[PDB]
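Taking the form deposited in one PDB entry, here's one chain by itself in structure tokens.
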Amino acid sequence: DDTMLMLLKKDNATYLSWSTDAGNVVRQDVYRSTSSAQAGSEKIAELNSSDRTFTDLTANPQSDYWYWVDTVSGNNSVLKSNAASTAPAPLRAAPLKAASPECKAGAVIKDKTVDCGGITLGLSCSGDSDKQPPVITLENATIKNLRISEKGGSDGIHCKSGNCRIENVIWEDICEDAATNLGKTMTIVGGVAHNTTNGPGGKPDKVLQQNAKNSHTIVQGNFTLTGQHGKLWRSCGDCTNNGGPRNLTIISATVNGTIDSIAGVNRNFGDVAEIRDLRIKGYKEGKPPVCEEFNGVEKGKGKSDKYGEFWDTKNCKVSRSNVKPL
């Protein structure tokens, strides 16, 4: 077994994101050292078994740090992750780590699991191109450990069909959607999504977009948004042959920046957004709205417009106790 740890250093935080295949995890420890030596490391977090990210707000931006995440199983066993660091990558002593050959920009992955081993991929925006390929397309597939970047933003990942699992992906540059579900169940497991929204069409991004009907997106492992975003998840408002139900389950997620709303459901189409364990920087009620209900409209026949924010309804299965500041 192993744990693949990556980070994203921004000006106001260092985000940790990992995937692991450790069995029956009961706790996870986050270590940080001011040197490359693990011996000097201090435990800076004690996490539950399901978290796959961590936001470090205490590190000096001007200084290099090294990080490790250890998983602890019920049977007393411990897994240690690779070191991740804000210092440049070593040319020496570093652990060898392969990427799947199939990890390429524009790849179509079908009926398997690929581990991209922390590489960076990217393709420029669709809608500003032609019939532009998603940087990765999944058909009943899983992708792990991928950094996505491109100046002006890159295409996100599509779940074209079947069930898709997207584990420990860091979206450093987003055009409109980090991930689009056109299939059955799309599951986001940890990962980090950045967008300083000052390079699309002026219009706010939708990190997770759902266009398939009878579809489900699952957000878990404390998937984290950073920068400024439009929505975290959106059932397509004005799709061709628009309809539902389109479902969202957030098991855990964090928003460490500004956002216009968490989830956008079409009430007239039976969309159900279930939200639990959501953390938002500076959260006050209505700031931002969490679950917004919309009128779901057919393409070309109007605008999908905002009803308002709702709690504890058929479409907005979320209570105020589900949402807290960071």
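Each form is matched to the other, and the largest set of C-alpha atoms that superpose within 1.5 Å is called the rigid core. Note that residue numbering follows the sequence shown and begins at 1.
The form deposited in another entry is left out here; the points below concern that form.
| field | Identity of the moved residue from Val169, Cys236, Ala253, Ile157, C-alpha shift 2 angstroms or more, core fit between the shown form and the other one | value | With the rigid core fitted, the residue that moves is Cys236.
| message | With both forms fitted on the core, check whether the Cα of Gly300 differs by 2 Å or more between the shown form and the other one. | response | After core superposition, the C-alpha of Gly300 moves 2 Å or more between the shown form and the other one.
| message | My question is whether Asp128 is one of the residues whose C-alpha shifts by 2 Å or more between the shown form and the other one, given a fit on the rigid core. | response | After core superposition, the displacement of the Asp128 C-alpha between the shown form and the other one reaches the 2 Å mark, so yes.
| request: Since the Cα separation of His158 and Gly153 moves by 3 Å or more in that other deposited form, tell me which way: closer or farther than here. | output: Closer is correct, given that in that other deposited form the C-alpha spacing of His158 to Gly153 is reduced by at least 3 Å.
| task | With a shift of at least 3 angstroms, figure out whether the C-alpha spacing between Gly127 and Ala141 grows or shrinks in that other deposited form: closer or farther? | result | Farther is correct, given that in that other deposited form the C-alpha spacing of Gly127 to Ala141 is increased by at least 3 Å.
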